[PDB]
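Peer 1: Got a structure for you, questions after.
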Amino acid sequence: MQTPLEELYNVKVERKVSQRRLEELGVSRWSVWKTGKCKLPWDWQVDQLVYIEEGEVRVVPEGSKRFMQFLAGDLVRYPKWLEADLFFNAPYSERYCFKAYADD
Amino acid sequence: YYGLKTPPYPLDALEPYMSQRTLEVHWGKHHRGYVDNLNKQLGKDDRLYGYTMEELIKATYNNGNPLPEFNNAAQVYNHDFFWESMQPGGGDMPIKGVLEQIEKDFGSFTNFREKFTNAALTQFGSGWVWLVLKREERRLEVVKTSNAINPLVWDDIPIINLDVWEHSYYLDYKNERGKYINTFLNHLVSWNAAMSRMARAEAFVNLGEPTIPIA
Amino acid sequence: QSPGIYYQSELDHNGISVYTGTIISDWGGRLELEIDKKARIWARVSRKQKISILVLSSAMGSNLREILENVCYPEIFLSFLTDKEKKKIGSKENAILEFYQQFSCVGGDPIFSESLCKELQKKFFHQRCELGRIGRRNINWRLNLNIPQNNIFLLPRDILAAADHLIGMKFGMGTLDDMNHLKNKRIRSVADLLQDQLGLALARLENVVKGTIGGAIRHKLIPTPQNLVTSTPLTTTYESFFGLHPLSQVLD
Amino acid sequence: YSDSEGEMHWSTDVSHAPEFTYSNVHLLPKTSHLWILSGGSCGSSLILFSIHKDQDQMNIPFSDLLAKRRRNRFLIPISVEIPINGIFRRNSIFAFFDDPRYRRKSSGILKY
Amino acid sequence: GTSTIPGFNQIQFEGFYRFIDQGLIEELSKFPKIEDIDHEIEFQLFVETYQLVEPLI
Amino acid sequence: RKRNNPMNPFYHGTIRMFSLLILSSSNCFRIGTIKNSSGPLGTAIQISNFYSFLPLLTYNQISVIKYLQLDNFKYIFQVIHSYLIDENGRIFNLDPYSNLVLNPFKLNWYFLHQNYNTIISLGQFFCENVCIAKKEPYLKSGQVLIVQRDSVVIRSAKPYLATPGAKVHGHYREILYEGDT
Amino acid sequence: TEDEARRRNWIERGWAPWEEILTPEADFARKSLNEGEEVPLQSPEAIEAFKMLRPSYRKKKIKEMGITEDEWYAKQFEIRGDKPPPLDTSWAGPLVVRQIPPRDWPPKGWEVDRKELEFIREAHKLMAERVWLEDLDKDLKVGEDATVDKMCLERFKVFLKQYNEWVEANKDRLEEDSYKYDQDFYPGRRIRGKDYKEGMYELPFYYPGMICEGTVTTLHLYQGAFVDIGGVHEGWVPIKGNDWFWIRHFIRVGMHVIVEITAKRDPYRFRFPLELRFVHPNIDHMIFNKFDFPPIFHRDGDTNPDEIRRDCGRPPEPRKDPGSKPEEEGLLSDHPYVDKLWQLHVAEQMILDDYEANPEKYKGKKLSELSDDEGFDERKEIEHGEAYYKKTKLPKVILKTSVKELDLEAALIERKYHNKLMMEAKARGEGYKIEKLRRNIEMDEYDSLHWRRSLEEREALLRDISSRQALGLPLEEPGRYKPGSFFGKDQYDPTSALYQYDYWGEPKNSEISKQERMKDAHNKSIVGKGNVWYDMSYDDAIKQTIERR
Amino acid sequence: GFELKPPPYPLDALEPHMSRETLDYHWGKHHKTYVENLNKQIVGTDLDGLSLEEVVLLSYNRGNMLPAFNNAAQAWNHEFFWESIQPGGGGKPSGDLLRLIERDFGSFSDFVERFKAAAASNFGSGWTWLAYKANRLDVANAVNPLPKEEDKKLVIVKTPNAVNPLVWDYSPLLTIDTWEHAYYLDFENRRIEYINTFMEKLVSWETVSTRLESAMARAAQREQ
Ligand SMILES: [Fe+3]
Ligand SMILES: [Fe+3]
């Protein structure tokens, strides 16, 4: 349709995050997750904040024919109850943090 | 952006049941702080701007995973609704169509009063107590919600509000929430406001019965 | 006649409509149902044998509680529950004994045993309740059921569903079956008959080896698989089919 | 019989109550007209029931180091015995092992 | 049979083909395994290697 | 759950529901101051005397008896009265005895149409040869679905004549498929 | 009785006694068939209907009444039965308005001066000001004091300037999109072609809460009344079904109304972008049938139902509840990339083996300089096929692997290092076993990262559960996971006593019996008659071996 | 039968930071009512005889909270709250607590800002906790084969209403009551000033250090 997937699925993105925002969030203390070329299905049970450090991911929501693309330097918030498929085609590295209600 | 609406009465008009100092902090500090915080958030998102107030509350509620703007947007509506739920020389009993709907949906006004009181006494922590009009069921109900939640997020039409956040009664009653509830039902609740809110709600619910031809 | 469920209504001697529904198996087995004068449903297996619906249903593992809930007229079903019947229905094993008493018409109280079920299964359920693929299709479409096409055997709901329509048939909901319609018939060609003879011939060969296997064991001799198998069960089964079966005819 | 798919309508002269409580049969005390309003059939269409709603407009039709063990699966580079159909049922042997420690060349009987 | 009169023997011809092509297996697979009283000796048929030999005459 | 899963982005008809029917062209067919203009008058504001965030604006016969407060009887009006509040809070009326409103696009006053104090009717059923006028083609059977200024859209329907004692198989609005009794 | 059933038909099934305009033949059929079959007609209605079977008699009857033929033709299309009580619309005080720019200005993707926009947006705080009816008299401006130049409309004029600039730059594009998306015109669509007139208001000119004067243009029995409010889209008042039986007496085509905008929506997704209610006349008491949701289009690009329902406000597609709590499930640690690492591990090991066996092939070439064979398609790394094993045929999958994605420099050093230890063990009369290699260690560290990710989600989930249970917030997505009996009264339940067929023993021809006998033969061809001495799990039969070794 | 213990200081000893009027209502009415109502819900039930910590875990019921949980958890929370403050509090901690704080928050100044912000943003009634996270999960495959010893860390967590970190098997070390009754008689709506006063004048770091030793010993006993 005309509406972008990010708007439809409430996927907040903050492309080209400044270092100030990273330190406000305390990203340097976040856990690390990495992968190579693979395919990860996931249903988010809580919100997750992801800061991509290397590579890129294409996110295909359940039943979708389009994808959302996030690149290194982007800060992504995956919402609770989102069901999607994550696709990687090259080395990928991220720092993540899961957020409960309130929190951040 | 939203302005801070003044209550429909002077700040000392609810004395001695609700003190002037309570109104000054409750409206002048709490309600004002909610409006100011919401306006900052709306100035950064053009999409949340442009929603109506009811639409914004439903949209930011996000079907049970509320967005950061929900608490401010819900609270500004809740407090605006609350000041209009009260009037000087309020209390006693409703009349005309409000009384008949209450007697139909609760059995009697006495039954409604206990249901409203028990909901207000058993709401743990901060929250609100509502007399609502059910859209699908076409009847009145007593509902209690926690923190900033209001019946708009479930497409219900509020009729009467009571704030049971501690900041609304602690200066005048301290821990005696039951006295605060009893005073609200006896001297403050505006049944005149409920008449107009029921009239506005009847543009969407139709609590009447159809005229069916014998043909 | 094709396997399936057929809803008839015959007039009695007094001109009162009585509605009957019959289940036909892939073997021609008929499990007839009926509505009597007192509205008591009977499973007529023969002209002299009658079985109540509740006894038959409970012997198949359906408890009394679900039957009432899933029928459109539970008050009708409860109205015929005698005190004696209720105690037997309460257990699956006792219902089987009650079913055997009515089905066999033998005076006495049978004792539950594995051999009794095996004898009962072949005489009744192997002959009468094996719908097959054609019967399952006809049962499903006629009774409006979403049951997978792979289930070739009768289910308790299929029997229960037949009871429901029978009542609703008496009260003007639906239409009676036409037995002479070709959609209720089926054609058995040379493939069906030659396959029956092969199946009949393979049942004989199994017992031919069973007799020969015992003989070799009684003599402590090693039997060659050949000596255990003789050709006559397959040769003579087909010469006898072609010579004696009324559907095998000398070509004009 | 109905000449076309559609919904039933009557205005007057049909009893609103059914002939019997369970049934959908209505009597006519007077002469009347029964109307069949034409409409297309859903047929074998799915109908989602969460997005298809009243008055919607449809513009579209309806050696161990080489092996691996994972969730409900494993890979193997002990002789493997697979059934003829390639299908295992519950409690199925797929690999046996002949330990040389129990191998014998002399005859006898076994006691345990 | 869609644009000509079918062969008058077609029903017999297709039926016999179905018996050879599918009918044999359905019956040869219903043959039970034969075991004795003592279960010492067991006889079975390997149906997947069933064969039909052309007539000698 | 999605995580337990054991295509690569890198490589007509209108629904009628109450039971579904499709309405389309196969069963519906057509039978063939400044000057006042329609448009917005502005945004109605809350009147504090009536307690409602969104103004009531009007009552009907039933709601005026149920929900009208005693102190508001003096404010019930039979005709419309128009007031304008500017951005500084000043109240304007121009003529407080007529119906004058401001056009928000042209920014001028104009009169309302009224002061607010056809042959074929919607939903009627037609027979197959009913005459609406001598100079007009005969109508077709069906129900009037849409009424416009100079045309009507008909949903095709077929009547069946039934005599007393006949039995109808189906409740009202029951879907009947082709060939059903 | 025949009073509740009639009421039930009206309320539940939408019955109404709609007028049937009959021909003389149809009128005669209903009046005469009530008397008998072949009998002298006696009732004055049937006798008159018999006479009316001749149009010549009708013309004589019409002339005697002094009316024209066309008037008689119009009298048959008259509403029969009683009339509803006539409307009495009372005004709840005066109509007081402001000129407030729409909150949603400007449209998405249109750039305006943000300084002018903030000046425009100041007017939105004016809604908070209180107005009392006892106060609209003290300083009322009338006559010469109420001319337009006297009013402060500066913030609305800046909106008008921005609105006109947007209209001139987007008018043609919007009309082109209407033709591309909407094949035929319909009320609620964009007015285009010859019917378009310059000066029609675009959608961003409207906002909920605005009061409009308009005319009724279209009545739809299943949709409602469509009102022209001066725009390029007609407004829509939702009325449907039985309500029109009485409402048709009051809402007529061409009449002037006062309406209020209740909702404004995107015309690409919603059929009727402007939703209205009648202010004058007030018909709130006559409307009983409500739309659950505003109707939408299902368009060419709408292939995902979950995306469609998010574009509107519609609930998710319901599912059967799993019956298991997500916070009680075991953690996930199988990293999806491990399956790829395993493929690379096997590719390196078999390349190393060939290097040992046939080193003459690997002369003068560094293993890091190896290239794939001519024909290597990177897009065909997975080839599906089938293979025959003896008589059994199992499908076989081919996993193509590149040589340039392998680290053969590190593998060779590891391979040579382990060969030396194997040789040293052999020289001592001892055996050597390799416990794991670098790639196996690489698989565990990817698993550890995945396990940590699952642990952190579960820990946050446990806190999230306690917060939501305390504040009465949903644990599952609302609308998802409907309970039982929602999906139908009849469902095949193999476990249920109403769908079981082995009551009197498992059938010998049943699929269960055939499968059970099949694996008995498969096992017996391996084991036979031996007694089960003692059984142990594989996992507990590995530790004990490690302990003994 | 649980008993309402008095605070470990005279009711006038927190002046002027926390008035006697606040303590008269917070302890004498709110906390007293929680204990009184809890004793009515336990008498004659199986909750008799267990410690308050056991009652809180049992009544939580894995999220489907039983009627006694609100009284039981609040009674525990307030007893913990009174021990978290002293008449001469504030300042800085030392010892192993200061080492752990700097390890997990960078510096003490960084921790104070993060703790104050969490207490300020806690919407509605609730509590803000400094906890020692050494939890174990009751699910499968939830044990780390190779612990890193940095997994037992300090965290700042917010809870609503009566919830406390005990229900997730955390070890609370410090709390501040952000229910409005805790500060409304002294600061009215000014919750920021109340939080700042708590961290500068009231917090008892020696008690927090003492609670950390028991939490560390709790984890040590589990690991052996
Ligand atoms: Fe408040
Ligand atoms: Fe407290």
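Letters A, B, ... mark the chains of the structure tokens in the order given; residue numbers begin at 1 per chain; ligand numbers begin at 1, in order shown.
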Name the residues in contact with residue C:132 at a cut-off of 7 Å, using only C-alpha atoms, excluding same-chain residues fewer than 2 positions from it; report them as a list in words.
Peer 2: residues 26, 130, 134, 135, 136, 152 and 153 of chain C
Peer 1: Leaving out residue F:169 and any residue of its chain fewer than 5 positions from it, which residues lie within 9 Å of it when counting only C-alpha atoms, given as a list in words?
Peer 2: residues 173 of chain C; 23, 24, 25 and 26 of chain D; 181 of chain F
Peer 1: At a cut-off of 7 Å, which residues of chain H touch chain B? Count only C-alpha atoms and give the answer as a PyMOL selection string.
Peer 2: chain H and resi 124-125+161+180-181
Peer 1: Can you spit out the residues from that selection as a PDB file, in the first residue's frame, using N, CA and C atoms?
Peer 2:
ATOM      1  N   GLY H 124       2.468   7.600  38.541  1.00  0.00           N
ATOM      2  CA  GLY H 124       1.513   7.065  39.492  1.00  0.00           C
ATOM      3  C   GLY H 124       2.166   6.678  40.809  1.00  0.00           C
ATOM      4  N   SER H 125       1.526   5.736  41.492  1.00  0.00           N
ATOM      5  CA  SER H 125       2.054   5.197  42.737  1.00  0.00           C
ATOM      6  C   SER H 125       3.048   4.083  42.446  1.00  0.00           C
ATOM      7  N   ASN H 161       2.664   0.541  42.196  1.00  0.00           N
ATOM      8  CA  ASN H 161       1.792   0.223  43.324  1.00  0.00           C
ATOM      9  C   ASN H 161       2.512  -0.527  44.440  1.00  0.00           C
ATOM     10  N   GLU H 180       2.166   9.261  46.558  1.00  0.00           N
ATOM     11  CA  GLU H 180       2.058  10.681  46.868  1.00  0.00           C
ATOM     12  C   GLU H 180       1.904  10.933  48.366  1.00  0.00           C
ATOM     13  N   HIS H 181       1.349   9.975  49.114  1.00  0.00           N
ATOM     14  CA  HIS H 181       1.210  10.163  50.555  1.00  0.00           C
ATOM     15  C   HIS H 181       2.555  10.232  51.271  1.00  0.00           C
TER      16      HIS H 181
END
Peer 1: Compute the chain F side of the contact with chain B at 10 Å, counting only C-alpha atoms, and hand it back as a PDB file with N, CA and C atoms, in the first residue's frame.
Peer 2:
ATOM      1  N   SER F  48     -20.252  26.892  27.914  1.00  0.00           N
ATOM      2  CA  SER F  48     -20.085  26.372  29.268  1.00  0.00           C
ATOM      3  C   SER F  48     -21.419  26.106  29.949  1.00  0.00           C
ATOM      4  N   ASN F  49     -22.477  26.810  29.542  1.00  0.00           N
ATOM      5  CA  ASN F  49     -23.798  26.562  30.105  1.00  0.00           C
ATOM      6  C   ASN F  49     -24.294  25.150  29.822  1.00  0.00           C
ATOM      7  N   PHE F  50     -23.752  24.483  28.804  1.00  0.00           N
ATOM      8  CA  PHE F  50     -24.213  23.160  28.405  1.00  0.00           C
ATOM      9  C   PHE F  50     -23.198  22.057  28.687  1.00  0.00           C
ATOM     10  N   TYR F  51     -22.119  22.358  29.410  1.00  0.00           N
ATOM     11  CA  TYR F  51     -21.267  21.364  30.064  1.00  0.00           C
ATOM     12  C   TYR F  51     -20.497  20.446  29.121  1.00  0.00           C
ATOM     13  N   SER F  52     -20.777  20.497  27.826  1.00  0.00           N
ATOM     14  CA  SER F  52     -20.276  19.495  26.895  1.00  0.00           C
ATOM     15  C   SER F  52     -19.070  20.044  26.148  1.00  0.00           C
ATOM     16  N   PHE F  53     -17.985  19.264  26.125  1.00  0.00           N
ATOM     17  CA  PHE F  53     -16.772  19.691  25.434  1.00  0.00           C
ATOM     18  C   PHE F  53     -17.055  19.950  23.961  1.00  0.00           C
ATOM     19  N   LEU F  54     -17.716  19.005  23.302  1.00  0.00           N
ATOM     20  CA  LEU F  54     -18.258  19.239  21.976  1.00  0.00           C
ATOM     21  C   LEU F  54     -19.693  19.722  22.119  1.00  0.00           C
ATOM     22  N   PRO F  55     -20.044  20.886  21.578  1.00  0.00           N
ATOM     23  CA  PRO F  55     -21.368  21.459  21.850  1.00  0.00           C
ATOM     24  C   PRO F  55     -22.501  20.568  21.363  1.00  0.00           C
ATOM     25  N   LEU F  56     -23.618  20.619  22.094  1.00  0.00           N
ATOM     26  CA  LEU F  56     -24.801  19.860  21.707  1.00  0.00           C
ATOM     27  C   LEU F  56     -25.399  20.372  20.404  1.00  0.00           C
ATOM     28  N   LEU F  57     -25.338  21.687  20.177  1.00  0.00           N
ATOM     29  CA  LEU F  57     -25.889  22.357  19.004  1.00  0.00           C
ATOM     30  C   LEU F  57     -27.413  22.312  18.986  1.00  0.00           C
ATOM     31  N   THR F  58     -28.006  21.125  18.872  1.00  0.00           N
ATOM     32  CA  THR F  58     -29.455  21.012  18.785  1.00  0.00           C
ATOM     33  C   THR F  58     -29.955  19.862  19.645  1.00  0.00           C
ATOM     34  N   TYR F  59     -31.244  19.923  19.961  1.00  0.00           N
ATOM     35  CA  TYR F  59     -31.993  18.834  20.565  1.00  0.00           C
ATOM     36  C   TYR F  59     -33.014  18.309  19.565  1.00  0.00           C
ATOM     37  N   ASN F  60     -33.461  17.079  19.786  1.00  0.00           N
ATOM     38  CA  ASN F  60     -34.659  16.573  19.136  1.00  0.00           C
ATOM     39  C   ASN F  60     -35.792  16.541  20.158  1.00  0.00           C
ATOM     40  N   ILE F  62     -37.307  14.056  21.683  1.00  0.00           N
ATOM     41  CA  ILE F  62     -37.138  13.155  22.817  1.00  0.00           C
ATOM     42  C   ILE F  62     -36.054  13.664  23.758  1.00  0.00           C
ATOM     43  N   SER F  63     -34.919  14.102  23.208  1.00  0.00           N
ATOM     44  CA  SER F  63     -33.775  14.437  24.049  1.00  0.00           C
ATOM     45  C   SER F  63     -33.986  15.739  24.811  1.00  0.00           C
ATOM     46  N   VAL F  64     -34.817  16.643  24.289  1.00  0.00           N
ATOM     47  CA  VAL F  64     -35.084  17.882  25.008  1.00  0.00           C
ATOM     48  C   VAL F  64     -35.891  17.608  26.272  1.00  0.00           C
ATOM     49  N   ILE F  65     -36.704  16.553  26.274  1.00  0.00           N
ATOM     50  CA  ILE F  65     -37.468  16.224  27.471  1.00  0.00           C
ATOM     51  C   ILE F  65     -36.616  15.439  28.464  1.00  0.00           C
ATOM     52  N   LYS F  66     -35.697  14.604  27.974  1.00  0.00           N
ATOM     53  CA  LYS F  66     -34.858  13.807  28.863  1.00  0.00           C
ATOM     54  C   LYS F  66     -33.760  14.631  29.529  1.00  0.00           C
ATOM     55  N   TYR F  67     -33.082  15.500  28.777  1.00  0.00           N
ATOM     56  CA  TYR F  67     -31.759  15.971  29.173  1.00  0.00           C
ATOM     57  C   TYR F  67     -31.623  17.484  29.295  1.00  0.00           C
ATOM     58  N   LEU F  68     -32.708  18.243  29.212  1.00  0.00           N
ATOM     59  CA  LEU F  68     -32.615  19.695  29.296  1.00  0.00           C
ATOM     60  C   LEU F  68     -32.670  20.123  30.757  1.00  0.00           C
ATOM     61  N   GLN F  69     -31.639  20.837  31.202  1.00  0.00           N
ATOM     62  CA  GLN F  69     -31.593  21.320  32.571  1.00  0.00           C
ATOM     63  C   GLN F  69     -32.539  22.504  32.752  1.00  0.00           C
ATOM     64  N   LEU F  70     -32.991  22.689  33.994  1.00  0.00           N
ATOM     65  CA  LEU F  70     -33.975  23.728  34.281  1.00  0.00           C
ATOM     66  C   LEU F  70     -33.427  25.118  33.983  1.00  0.00           C
ATOM     67  N   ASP F  71     -32.166  25.370  34.334  1.00  0.00           N
ATOM     68  CA  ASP F  71     -31.584  26.689  34.120  1.00  0.00           C
ATOM     69  C   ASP F  71     -31.330  27.000  32.652  1.00  0.00           C
TER      70      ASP F  71
END
Peer 1: Restrict the distance test to only C-alpha atoms, flag each residue of chain A within 10 Å of chain G, and return the flagged residues as a PyMOL selection string.
Peer 2: chain A and resi 1-3+5+7-10+31-41+44-48+61-66+80-82+88+96-103
Peer 1: Could you work out which residues of chain D fall inside 6 Å of chain F? Count only C-alpha atoms, and format the result as a ChimeraX atom specification.
Peer 2: /D:1-9,24-41,54-59
Peer 1: Keeping C-alpha atoms, export the residues of the selection given above as a short mmCIF file (atom, residue, chain, number, x, y, z; two decimals), in the first residue's frame.
Peer 2:
data_model
loop_
_atom_site.label_atom_id
_atom_site.label_comp_id
_atom_site.auth_asym_id
_atom_site.auth_seq_id
_atom_site.Cartn_x
_atom_site.Cartn_y
_atom_site.Cartn_z
CA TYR D 1 -37.18 -23.12 -6.31
CA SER D 2 -35.24 -19.89 -6.26
CA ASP D 3 -34.10 -18.84 -9.72
CA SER D 4 -31.10 -16.97 -8.29
CA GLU D 5 -28.92 -16.51 -5.25
CA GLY D 6 -30.27 -13.80 -2.97
CA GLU D 7 -31.90 -12.83 0.30
CA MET D 8 -35.53 -13.27 1.30
CA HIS D 9 -37.91 -10.35 1.75
CA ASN D 24 -37.74 -21.64 9.69
CA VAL D 25 -41.12 -22.24 8.01
CA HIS D 26 -43.62 -19.37 7.97
CA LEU D 27 -47.29 -19.55 7.00
CA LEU D 28 -49.23 -17.14 4.79
CA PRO D 29 -52.64 -16.11 6.16
CA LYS D 30 -53.23 -14.05 2.98
CA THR D 31 -51.99 -13.90 -0.58
CA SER D 32 -48.60 -12.21 -0.72
CA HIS D 33 -45.48 -11.75 -2.80
CA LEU D 34 -42.12 -13.12 -1.68
CA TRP D 35 -39.14 -11.22 -3.07
CA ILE D 36 -35.64 -12.59 -3.68
CA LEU D 37 -33.21 -9.66 -3.75
CA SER D 38 -30.31 -10.59 -6.02
CA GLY D 39 -26.76 -10.77 -4.70
CA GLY D 40 -23.45 -12.38 -5.57
CA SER D 41 -22.35 -15.44 -3.64
CA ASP D 54 -20.28 -4.28 5.71
CA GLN D 55 -20.20 -2.00 2.63
CA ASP D 56 -16.51 -2.56 1.92
CA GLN D 57 -15.55 -2.14 -1.74
CA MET D 58 -13.54 -5.02 -3.20
CA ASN D 59 -11.34 -4.03 -6.13
#
Peer 1: Let me see if you get this right: every residue at most 12 Å from ligand 2, counting only C-alpha atoms and all ligand atoms, written as a ChimeraX atom specification.
Peer 2: /B:125,166,175 /H:22-34,71,73-82,125-127,161-162,175-184
Peer 1: Store the residues of this selection in a file with C-alpha atoms, as a PDB file, in the first residue's frame.
Peer 2:
ATOM      1  CA  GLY B 125      -3.176   3.142  43.914  1.00  0.00           C
ATOM      2  CA  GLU B 166      -4.023  10.739  46.230  1.00  0.00           C
ATOM      3  CA  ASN B 175      -5.941   8.622  54.189  1.00  0.00           C
TER       4      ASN B 175
ATOM      5  CA  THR H  22       4.113  12.795  57.543  1.00  0.00           C
ATOM      6  CA  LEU H  23       5.373  10.048  59.850  1.00  0.00           C
ATOM      7  CA  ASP H  24       2.148  10.165  61.877  1.00  0.00           C
ATOM      8  CA  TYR H  25       0.142   9.454  58.727  1.00  0.00           C
ATOM      9  CA  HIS H  26       2.604   7.384  56.688  1.00  0.00           C
ATOM     10  CA  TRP H  27       3.497   5.036  59.535  1.00  0.00           C
ATOM     11  CA  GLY H  28       0.637   5.530  61.988  1.00  0.00           C
ATOM     12  CA  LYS H  29      -2.176   5.229  59.429  1.00  0.00           C
ATOM     13  CA  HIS H  30      -1.010   3.873  56.055  1.00  0.00           C
ATOM     14  CA  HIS H  31       1.543   1.318  57.233  1.00  0.00           C
ATOM     15  CA  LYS H  32      -0.587   0.375  60.249  1.00  0.00           C
ATOM     16  CA  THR H  33      -3.622  -0.308  58.047  1.00  0.00           C
ATOM     17  CA  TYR H  34      -1.593  -2.569  55.749  1.00  0.00           C
ATOM     18  CA  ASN H  71      -1.387  -5.766  51.929  1.00  0.00           C
ATOM     19  CA  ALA H  73       3.791  -6.475  49.728  1.00  0.00           C
ATOM     20  CA  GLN H  74       3.020  -2.972  51.020  1.00  0.00           C
ATOM     21  CA  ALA H  75       3.680  -4.037  54.616  1.00  0.00           C
ATOM     22  CA  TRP H  76       7.070  -5.394  53.542  1.00  0.00           C
ATOM     23  CA  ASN H  77       7.775  -2.328  51.395  1.00  0.00           C
ATOM     24  CA  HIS H  78       7.230   0.174  54.205  1.00  0.00           C
ATOM     25  CA  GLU H  79       9.329  -1.768  56.710  1.00  0.00           C
ATOM     26  CA  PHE H  80      12.094  -1.782  54.093  1.00  0.00           C
ATOM     27  CA  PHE H  81      11.523   1.945  53.509  1.00  0.00           C
ATOM     28  CA  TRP H  82      11.880   2.937  57.174  1.00  0.00           C
ATOM     29  CA  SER H 125       2.054   5.197  42.737  1.00  0.00           C
ATOM     30  CA  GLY H 126       5.130   3.021  42.974  1.00  0.00           C
ATOM     31  CA  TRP H 127       8.625   2.362  44.268  1.00  0.00           C
ATOM     32  CA  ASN H 161       1.792   0.223  43.324  1.00  0.00           C
ATOM     33  CA  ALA H 162       2.768  -2.608  45.697  1.00  0.00           C
ATOM     34  CA  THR H 175      13.967   1.935  48.021  1.00  0.00           C
ATOM     35  CA  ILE H 176      12.184   5.266  47.970  1.00  0.00           C
ATOM     36  CA  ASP H 177       8.406   5.504  48.336  1.00  0.00           C
ATOM     37  CA  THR H 178       6.949   7.494  45.436  1.00  0.00           C
ATOM     38  CA  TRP H 179       3.334   7.133  46.495  1.00  0.00           C
ATOM     39  CA  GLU H 180       2.058  10.681  46.868  1.00  0.00           C
ATOM     40  CA  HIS H 181       1.210  10.163  50.555  1.00  0.00           C
ATOM     41  CA  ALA H 182       4.943   9.814  51.267  1.00  0.00           C
ATOM     42  CA  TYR H 183       5.708  13.443  50.391  1.00  0.00           C
ATOM     43  CA  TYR H 184       2.518  15.435  49.764  1.00  0.00           C
TER      44      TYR H 184
END
